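The chain that follows stands alone, in the form deposited in one PDB entry, written as structure tokens.
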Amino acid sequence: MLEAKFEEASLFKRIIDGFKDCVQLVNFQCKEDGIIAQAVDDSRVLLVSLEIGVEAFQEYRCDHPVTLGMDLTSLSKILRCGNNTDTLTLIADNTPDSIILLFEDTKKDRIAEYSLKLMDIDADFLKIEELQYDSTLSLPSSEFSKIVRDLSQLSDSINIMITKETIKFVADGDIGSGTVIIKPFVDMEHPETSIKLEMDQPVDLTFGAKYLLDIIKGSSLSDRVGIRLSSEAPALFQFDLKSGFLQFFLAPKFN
């Protein structure tokens, strides 16, 4: 029997929020040590990998491994019934045909139980993470969110360019252009509003603006965003969770 209870029903919405705007159906592999889920969009340029440690829950028990794939369109709907902060509990049994989503408020006088029809879905799980990435930077997810949204106003191509201690986001549009140059530093009022950067090799990569706009959905999960870039390999955008994370592997343009 599976019983995964999020303390605050909100974060389960926010994580499937990063999924739904691109990927469609997705296998959630639940095992004793937590949940992992992976999905890839149609064009196979964006790959979303989730990991939820047991410490991210209020309570978690999984007697044995249970893979439960499901339509995020249908799931999200049940997550609309979820008014935020209602101890959402995922419940399933051995070889289940359905998953139960159970909400509960502070006052016991209200409790709602929902059920979601599951799917049989093959999935060739991927493991494309590199050992080392040419560059690695950390910045506020709100800042990165802004940069993407603003430069997205122009052409549908944003070009990240990293030289030593210099990160440069550029969009060159048909109507005009825009460039945001930020630099690594250290804050103290809130050290987690600062910018970090480790550069083994400089990078000059272009990404589809459409997808960068979808990657920043996860900015509601963490204060920071972890971007790892490689010239030959897809970029790793990561939003860290209390235990585990939400990753977005994006392939840069060929050009």
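Residue indices: 1-based, along the sequence shown.
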Segment of higher mean CA temperature factor, 36 to 44 or 190 to 198: 190 to 198
Mean C-alpha B-factor comparison - 102 to 110 and 163 to 171, higher one: 102 to 110
Identity of residue with top Cα B-factor, from 78, 148, 128, 123: 123
Chain-relative CA temperature factor third for residue 9: middle
Chain thirds of CA B-factor: placement of residue 15: middle
Chain third (lowest, middle, highest) by recorded CA B-factor, residue given as residue 231: highest
Entry-reported Cα temperature factor of residue 61, expressed as the chain third it lands in: middle
Position of residue 238 among the chain's modelled residues by C-alpha B-factor, lowest, middle or highest third: lowest
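Just so it is clear, the following notes concern the form solved in complex with a partner chain, a form of the same protein that is not shown.
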Among the candidates 45, 203, 36, 68, the residue which, in the deposited complex, approaches its partner chain to within 4.5 Å (heavy atoms): 45
4.5 Å heavy atom contact, residue 16 and its partner chain in the deposited complex: no
Contact test, all of 126, 233 and 249, partner its partner chain in the deposited complex, heavy atom 4.5 Å: yes
